[PDB]
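Included below are structure tokens for two forms of one protein chain, each presented in isolation as structure 1 and structure 2.
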Structure 1
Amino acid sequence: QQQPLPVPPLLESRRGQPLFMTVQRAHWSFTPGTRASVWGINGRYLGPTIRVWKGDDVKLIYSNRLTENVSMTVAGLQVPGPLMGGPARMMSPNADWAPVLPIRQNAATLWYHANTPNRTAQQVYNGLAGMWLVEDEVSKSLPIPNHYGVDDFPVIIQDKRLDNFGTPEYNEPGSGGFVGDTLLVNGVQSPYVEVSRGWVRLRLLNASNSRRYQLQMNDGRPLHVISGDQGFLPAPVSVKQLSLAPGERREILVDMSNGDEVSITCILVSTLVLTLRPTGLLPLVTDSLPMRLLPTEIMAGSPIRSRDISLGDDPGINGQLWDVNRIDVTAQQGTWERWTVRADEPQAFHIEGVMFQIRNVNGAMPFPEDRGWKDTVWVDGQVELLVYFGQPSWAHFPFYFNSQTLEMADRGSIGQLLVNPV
């Protein structure tokens, strides 16, 4: 018998109001009749879902109760380098960091996690990560499910290697990323989520070290995408299969009106991700898909500078290993650039303090789907990104563009980007 999907408690800004993020130990059940000591925030595996609002000036208070140095960051966050994390704001055991973040981006599904140098893969794999939501006018305005824990759920997909007793074991692969055999959603294996008979909103997130999944409904039904690493798409995208690379995030809408049970599927022991089961009565005659999400498909402008980012088979970017004292890219705040990212060996690529649009994929066109605002992209050969640098950074508090395959970032596959104001 499968277990219910665990829903991390909601910790929004605008109602308490310092947001107390305590990194600490554990005790989680990755399996029935088992218990392992893991890592997370506020006594949970992973963390609580954070909710902030555009225009907010949030006070985050990070406290390190772990047994080692820790540096936290929010993937996809739009703020100056001095407010990102990671190495520049490292926290030693019992140390705390209380920044004041000014939210100024459109609604989106982000995520936070540890990015400690040489130690990111093991820290994230320990359960040190969570969801981060940015709400605005548009979002809570659309006729879409927005009742967190009720019709709006966070689907944090994870890849684990749990021993027989239920403890996640991480034996350093090295040559490549880490690959597990047990699918985990929100900490539990192939859970089921009891939803009502109507539209269901799922916020998918790949918090895997390197594994990339291709999801689909076990019943063949299409699947409505509305986001969106960095926000809603101009309009819903109905697809049969969905690609989700590590660090990638996507919001899909599911219609559970027919009443019959549906599951999401992707060596692994089980290909079952999550099961949705209607729980009771009807609406009625509740909502067909909106026709258009983004009020305005306000898109890309002209680039004034082009770059060539190369990765490959070994750690490093353009044949160089991460250097805290080296600035690899110097952009101008408020400009547009065209980055050509290439990779012999497939992997995810991420860029901090920026947002971009995939313009080309191997000389071909990107999917529906991948035509919105993003900060993470899957590379297997070469992709062309239209980048916009709306935030500033400092030489000693720069932004990072990295290989999203944790074992490789932790190994030198990191570059430092300096954005000049303004």
Structure 2
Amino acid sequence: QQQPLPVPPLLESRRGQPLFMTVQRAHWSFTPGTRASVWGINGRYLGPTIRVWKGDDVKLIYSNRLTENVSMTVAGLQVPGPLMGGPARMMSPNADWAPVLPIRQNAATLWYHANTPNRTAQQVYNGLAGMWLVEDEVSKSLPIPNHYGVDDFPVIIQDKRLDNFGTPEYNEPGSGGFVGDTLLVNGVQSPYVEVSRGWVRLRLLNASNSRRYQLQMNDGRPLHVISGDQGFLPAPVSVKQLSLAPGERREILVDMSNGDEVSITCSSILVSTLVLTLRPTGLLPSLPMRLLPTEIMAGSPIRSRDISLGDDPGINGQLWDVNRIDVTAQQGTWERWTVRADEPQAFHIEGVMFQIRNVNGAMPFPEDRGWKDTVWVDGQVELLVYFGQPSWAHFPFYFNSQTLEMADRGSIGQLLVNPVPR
């Protein structure tokens, strides 16, 4: 018998007031199993789901109540380098950080997490992560499920290794990324979610240190993808197996009208491949033919770049160097980036949005044709990157392996985006 899917509380303003985020040990009552502690935001394991609106200027007030330094970031958020932030905006124990974020991007499922240099893998694993939703006029008008915690749920996936009491424990891997043998969704092992007989929206986010998931429905039906690291696809895409690498987000719609139960499923070997069970209640209450009003146009790349990742920490043969700018781009411009990895892993770029143009010389799958900020690289990919945000030498954007331990080990590069205007 599984436990109910925990629904992170929705944290939004509306009154132009600040969103308070206290990084702290989770309450025992939110901690599994019953001995070791875990972390989160505001007393929870993991954090609340933030919801903001395109056009808002949101005041975030972070407070660090942990015994070590913590820097927090919103992955996929389009803001200037100094607002990201990272090591230059790190919070010492008991200190705070109150940035004002100008939300200007389209609707998307983003996420926030600790990005403390050297401690990212451990801090995210410990529970320093949560979902971040951007809503806009488009998402508000779409005929899709949107009642948060009713027919629209966050699905935060993490693979862990539990101690003798059922509490996730971390052991730094000697090589590569951390891999667990137990799946947790929103902090619970293979939970179920009770839904009515209609469409349900799941916002899938891979918040694991390194594991890449290959998701499918246990009854063989297709997964109807509607987004989108950086937003909606032009129209829904129905796939049999969905890849979800660390840091990727995809929103799917599941039709529970048949009144039957359906589960999403995925050494190294997992104790269970059960991700989330959609348990019908018998209650009664398609999909849209188009999501985005326009399959948005991409610009002409003025330059190309080549990025190489491997089984050894570093990018392009170099470890991350805070003093070194690896790429200098011009804001408002487009570039073609070729990313290669002989050791399969996800790749993330801060301060941009990109469209995958080719995967190993072939077309990318439909679910991968919208705007993104994270990509699974197994061989080579070609990206059409847009630099819509500015950054500065001491507040650069990072591009990195999404394998958390690898990033911690130096698989990070620095991107300077000269401001336009200036």
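Under this definition, the rigid core comprises the largest set of C-alpha atoms superposing within 1.5 Å between the forms. Here, residue number means position along structure 1's sequence, counting from 1.
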| property | result |
| --- | --- |
| Which one of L386, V58, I61, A36, by Cα shift of 2 Å or more between the two structures, core superposed | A36 |
| Core-superposed comparison between the two structures, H27 Cα displacement 2 Å or beyond | yes |
| Between the two structures, C-alpha offset at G174 (rigid core aligned, Å) | 2.9 |
| Per-residue Cα shift, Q241, between the two structures [Å; core superposed] | 0.6 |
